[PDB]
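**Q** no sequence on this one, just coordinates:
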């Protein structure tokens, strides 16, 4: 139901930009280029991602 678009290295994100990864959802704080979310302070888990596998 609710889940941000999975992170995309081919799509620069910015403040407010939300995405999904590792089953959770990450939210950036400002302009950021292709970078592994969760490993950098840039991306922070703002919840969980709902999906079926």
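**A** Structure's in. What do you need? Numbering: from 1, shown residues only.
**Q** Touching, residue 22 and residue 38? I think so.
**A** Yes - Residue 22 is within contact range of residue 38, at 6.7 Å (criterion: CB atoms under 8 Å). From N, CA and C alone the C-beta is placed, and that goes for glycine too.
**Q** So what's the residue count around the closest residue to residue 32 other than its chain neighbours?
**A** Nearest non-adjacent residue to residue 32, counting by CB to CB, 6 or more residues apart in numbering: residue 42, 4.7 Å away. Using other CB atoms under 10 Å, residue 42 has 19 neighbouring residues.
**Q** Can you list phi and psi of residue 42 for me?
**A** The phi/psi pair for residue 42 (degrees, to the nearest 10) reads phi -50, psi -50.
**Q** Name all residues that make contact with it.
**A** Neighbouring residues of residue 42 by CB atoms under 8 Å, 6 or more residues apart in numbering: 28, 29, 30, 32, 35.
**Q** Can you give me every residue that contacts the second one?
**A** Contacts for residue 29 were tallied using CB under 8 Å, 6+ apart; they are 15, 41, 42, 44.
**Q** Could you do the first one as well?
**A** Taking CB under 8 Å, 6+ apart, we find residue 28 in contact with 13, 14, 15, 16, 17, 18, 19, 37, 42, 43.
**Q** So among those residues, which ones count as buried?
**A** 13, 17, 19, 37, 42, 43 (16 or more other CB atoms under 10 Å).
**Q** wait, what's in contact with the nearest residue to residue 7 once chain neighbours are set aside?
**A** Leaving aside its sequence neighbours, residue 7 sits nearest to residue 19 (CB to CB, 6+ apart; 4.5 Å). Counting by CB under 8 Å, 6+ apart, residue 19 makes contact with 4, 5, 6, 7, 8, 13, 25, 26, 27, 28, 37, 43.
**Q** now, among these, which is nearest to residue 52?
**A** residue 6 (14.4 Å; CB to CB).
**Q** and the closest one, how many neighbours?
**A** 13.
**Q** Would you mind measuring from it to residue 16?
**A** Distance, residue 6 to residue 16, using CB to CB, to the nearest Å: 17 Å.
**Q** what's the burial count for residue 30?
**A** For residue 30, the neighbour count with other CB under 10 Å is 10.
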